[PDB]
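**Q** Dropping the structure in here first, questions after.
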Number of protein chains: 2
Amino acid sequence: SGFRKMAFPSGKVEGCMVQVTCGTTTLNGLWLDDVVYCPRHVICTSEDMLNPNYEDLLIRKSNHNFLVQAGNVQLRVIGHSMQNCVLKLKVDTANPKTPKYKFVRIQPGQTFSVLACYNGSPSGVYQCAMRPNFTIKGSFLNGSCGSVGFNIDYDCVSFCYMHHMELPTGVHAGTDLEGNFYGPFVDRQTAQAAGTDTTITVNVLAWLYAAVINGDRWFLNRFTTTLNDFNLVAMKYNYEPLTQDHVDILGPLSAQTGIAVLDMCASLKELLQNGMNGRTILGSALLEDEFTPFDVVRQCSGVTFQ
Amino acid sequence: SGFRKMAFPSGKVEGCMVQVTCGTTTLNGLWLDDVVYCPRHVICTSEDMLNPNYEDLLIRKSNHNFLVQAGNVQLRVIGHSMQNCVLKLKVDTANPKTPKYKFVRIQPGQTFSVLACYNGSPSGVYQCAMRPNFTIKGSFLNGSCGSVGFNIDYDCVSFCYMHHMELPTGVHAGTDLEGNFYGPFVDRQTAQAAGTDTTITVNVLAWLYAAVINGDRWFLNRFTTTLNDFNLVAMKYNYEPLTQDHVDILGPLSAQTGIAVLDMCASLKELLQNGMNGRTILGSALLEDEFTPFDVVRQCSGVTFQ
Ligand SMILES: *[C@@](O)(c1nc2ccccc2s1)[C@H](C[C@@H]1CCCNC1=O)NC(=O)[C@@H]1Cc2ccc(F)cc2CN1C(=O)[C@@H](NC(=O)C(F)(F)F)C(C)(C)C
Ligand SMILES: *[C@@](O)(c1nc2ccccc2s1)[C@H](C[C@@H]1CCCNC1=O)NC(=O)[C@@H]1Cc2ccc(F)cc2CN1C(=O)[C@@H](NC(=O)C(F)(F)F)C(C)(C)C
Ligand code: NA
Ligand code: NA
């Protein structure tokens with residue numbers, strides 16, 4: 001029993017974290033085989049921020065300008081290339097701790113673990129979601145750039161996020177591991193801001209199922225709803241539309257608990273309209289939306305990772 | 001910016017997790033140097049649960065009854081001893097991934113990371129606190145026993161918890177790594193239950209300081225209070241008494257923010273008496289008590305671990 005915001009074990013990623021320095025700029029890099037991946041603006045000074053031409057900045061650099069440290073070991077850069085907003089530094093040593101891995105670009109609403117790092121050394125691990133507005137509500141300070149987000153399946157690490165920027169509301173923007181930003185954000189100094197966000201409906205429903213699995217039913221009711229009438233209410237409360245695809249994905253949780261998806265939707269509707277009346281669900285006085293249906297199944301079934 | 005329930009990076013612990021099997025009972029063990037630590041009731045069958053005499057059960061066992069697996073490698077047990085409620089299995093191989101480590105028995109109100117494991121393989125990592133009633137609000141299923149809780153300082157892993165039992169309210173009971181239970185709990189089948197719990201006042205105050213650091217002040221007020229008058233209110237709301245020791249420990253956060261501790265106490269008093277009025281603090285509609293003052297400083301200052 002119990003239900004926690006659970007991160008993936010981070011050891012496979014810890015062994016990949018390094019420090020990259022360019023002039024006075026130091027940030028984190030990801031060392032996989034003989035390549036180190038990091039944000040391209042490591043090559044930026046403070047002056048090259050208004051509208052930096054990164055191709056022009058990069059052609060002016062030499063391999064020996066890049067100082068890459070793994071622990072107390074300096075790694076020599078022997079090639080470099082820019083891919084979108086990521087710099088790929090070819091180094092003279094392959095990382096002996098390279099896990100099985102892939103690079104994935106995730107959809108909004110998906111969750112992942114962040115290994116927050118400073119100066120190439122891990123500080124902490126936490127779970128978050130890609131918001132519908134393509135920000136993440138992270139915990140990142142100066143020096144955190146190049147920290148990565150990931151999922152693990154069996155023994156395979158799927159990297160999905162590299163950290164780049166903090167927006168004026170205190171939320172975070174970054175790229176996939178091929179250097180493409182999530183959302184409309186850019187790595188130049190402009191008036192960018194997070195767009196209006198929405199609540200991840202399919203995840204709220206997943207978490208209500210988690211609550212039932214863990215022995216709590218106070219919020220259930222005898223009613224059902226149509227998908228259309230539910231979405232009319234969701235829309236009013238700034239919830240994402242629930243698709244038939246979302247309904248299918250919730251099938252296993254609905255089967256495990258015996259509560260039809262549209263029945264759980266009628267519970268959520270009632271919760272939106274009436275509030276919790278001073279009660280809590282899984283220790284929360286708010287409706288939690290950073291657990292996917294898969295997160296719930298994994299934690300309530302005890303899936304492990306080799 | 002941002003503030004997350006952040007766990008320690010778990011890689012140093014992952015490399016220590018093994019599987020221990022005795023007859024039909026399998027649970028997790030912690031492999032440090034040439035010793036594997038696990039709950040002593042691995043030697044129990046279902047029948048030896050009413051009032052098992054563990055010394056009597058253990059003298060009847062042979063080394064070859066214990067099957068210890070690290071990954072795909074079987075480790076041969078060559079000695080054993082019982083220490084309180086932990087079994088120490090001497091094995092023929094020293095763990096080459098043994099970190100710098102120590103065993104600590106923590107006080108209620110302290111936090112730690114749990115690496116939840118099944119069949120010797122890690123499933124997830126999450127942060128929790130030792131409650132005042134010496135339970136933890138974990139997330140643990142059948143097979144989770146022997147999973148450990150820990151903190152990291154610099155490069156040193158301080159193990160403070162090994163998992164043993166789930167209580168009827170769905171919360172969890174376990175031992176330090178020398179086999180002494182936290183709280184009054186025992187590893188025999190009886191009517192044990194969690195005692196009434198209280199909220200960890202010093203941690204709530206720490207989290208209010210975290211909120212201020214992160215740019216939120218809506219709950220502050222112009223008032224101060226005496227320690228005594230605050231504790232009269234805390235007592236009414238089932239909060240732990242705040243000691244002068246707690247006040248001193250909050251000194252750094254008070255200095256960083258310019259808000260005297262007793263001033264923050266008057267804010268907490270007002271929050272207890274009037275509620276949040278539909279507002280949130282650091283994304284929560286409840287007063288959070290599973291961040292210590294040290295957790296706040298570490299996360300808002302970016303401390304790392306070698
Ligand atoms: C990351 O650690 C980096 N720092 C530097 C420093 C010099 C060169 C390159 C980098 S990457 C930080 C993480 C950030 C900082 C502070 C608090 N929390 C965080 O997550 N990233 C930045 O400082 C980025 C980097 C950048 C790249 C190109 C630019 F043209 C401008 C920047 C500045 N920056 C920001 O995050 C800024 N935010 C924005 O510009 C915006 F639009 F996203 F809001 C800043 C105002 C500095 C937070
Ligand atoms: C742990 O994985 C272990 N399982 C076994 C099985 C056989 C022998 C030894 C062990 S240790 C589980 C973890 C637990 C189970 C299910 C859900 N969440 C969890 O955290 N621990 C147990 O099953 C313990 C072990 C035990 C030892 C001595 C006993 F006399 C009795 C038990 C049974 N047990 C419990 O946790 C039970 N709880 C209690 O007895 C009490 F008092 F704490 F509530 C149970 C009712 C089975 C949950
Ligand atoms: Na219903
Ligand atoms: Na005050």
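We number each residue from 1, going along the chain as drawn.
Each Cβ is built from the backbone N, Cα and C atoms, and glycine gets one as well.
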**Q** Looking at A:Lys90, A:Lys236, which one is marked ubiquitin cross-link in Swiss-Prot?
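**A** Annotation hit in Swiss-Prot: A:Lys90.
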**Q** Between the Cα atoms of A:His41 (active site, for 3CL-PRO activity) and A:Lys90 (ubiquitin cross-link), find the distance and write it as a whole number of Å.
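**A** About 17 Å separates the two Cα atoms.
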**Q** Determine, to the nearest whole angstrom, how far the Cα atom of A:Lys90 (ubiquitin cross-link) is from the Cα atom of A:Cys145 (active site, nucleophile).
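**A** Here the two Cα atoms are 19 Å apart.
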**Q** Checking the recorded positions A:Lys5, A:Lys90, A:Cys145: which ones have Cβ within under 6 Å of ligand 1?
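**A** Within range of ligand 1: A:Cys145.
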**Q** If you count Cβ atoms within 10 Å of the Cβ of A:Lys5 (ubiquitin cross-link), leaving out that atom itself, what do you get?
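**A** Excluding its own Cβ, A:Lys5 (ubiquitin cross-link) sees 20 Cβ atoms within 10 Å.
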**Q** So which of the recorded positions A:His41, A:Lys90, A:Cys145 end up next to chain B, with Cβ to Cβ under 8 Å?
**A** none
**Q** Do you know which of the recorded positions A:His41, A:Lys90 has the most other C-beta atoms within 10 angstroms of its C-beta?
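**A** When each Cβ's neighbours within 10 Å are tallied, A:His41 leads.
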